[PDB]
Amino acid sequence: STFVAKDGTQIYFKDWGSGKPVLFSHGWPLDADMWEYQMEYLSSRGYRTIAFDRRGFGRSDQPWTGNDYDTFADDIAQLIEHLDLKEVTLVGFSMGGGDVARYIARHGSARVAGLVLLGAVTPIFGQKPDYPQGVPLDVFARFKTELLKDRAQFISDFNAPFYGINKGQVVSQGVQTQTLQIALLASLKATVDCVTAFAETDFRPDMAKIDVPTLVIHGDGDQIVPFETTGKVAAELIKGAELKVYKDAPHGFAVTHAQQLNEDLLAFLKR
């Protein structure tokens, strides 16, 4: 399916099943296919699942402009409104945690029943003057420099730390192949702009606007988005939030811990 954003950007999405809606927001630099197992799992169990390809990624158009969290949040708003979704459970992975949080911050939670933040960059990822514990911005500056030389090999190399393959985690060649195939669909511009967006966007104000039941899940072996300064803090800043730590789990735990995640999502939905 597709809808056209306000600025003309065609956005690809899938809308599967029927029942209470669950809307998924993917991480960088992937697309809606990263959710395929959670979607099949939940839609076979009485839920409607929706996942979109973020602008610049997967099967969506690749705009030069609007590659920022306010626009991402507003894209999500358009999708929710054009489908007239109610009592939606928002589920964001990695950078996708930011745009579902920013959606609520900008649009409020009238249409929202719950929020799930998976290995999310929330509430803040890169260093700020009052957040020296964040990742130094020159780390991301170097990522961008490498991406602007050879994004294909960069993402290929990223497979290891992403899935924790370098820490013995076990992920097939097929999954690594699929990851790269998907990432190569994306815009170079969007791929690089997103790094700027997730490195420097502060979602701490957003955390105070979240007034729905929230589940934060994070692996404490996460090499990409450090649990201690993200998920752990998000769970404390969101009132009533529940925290689940997957022991030793990597960033890419929707793959490595698929069954556990499926069951935790179902449990949250049935709470």
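Numbering starts at 1 and follows the sequence shown.
Set 223 to 231 against 30 to 38 and average the Cα temperature factors; 223 to 231 ends up higher. For the pair 41 to 49 and 54 to 62, the mean B factor over Cα atoms is greater in 41 to 49.
Of all the options 137, 73, 188, 175, the entry's greatest CA B-factor is assigned to 137. Out of 94, 153, 166, 179, the entry records its largest CA B-factor for 166. Sort the chain's modelled residues by C-alpha temperature factor and residue 257 lands in the middle third, per the entry. Among all modelled residues in this chain, the alpha-carbon of residue 9 has a temperature factor (C-alpha) in the middle third. Annotation for residue 119: CA B-factor lies in the lowest third of the chain's modelled residues.
Ranked within its chain, residue 193 lands in the lowest third, by CA B factor from the PDB record. Looking at the C-alpha B-factors along this chain, the one for residue 263 belongs to the middle third.
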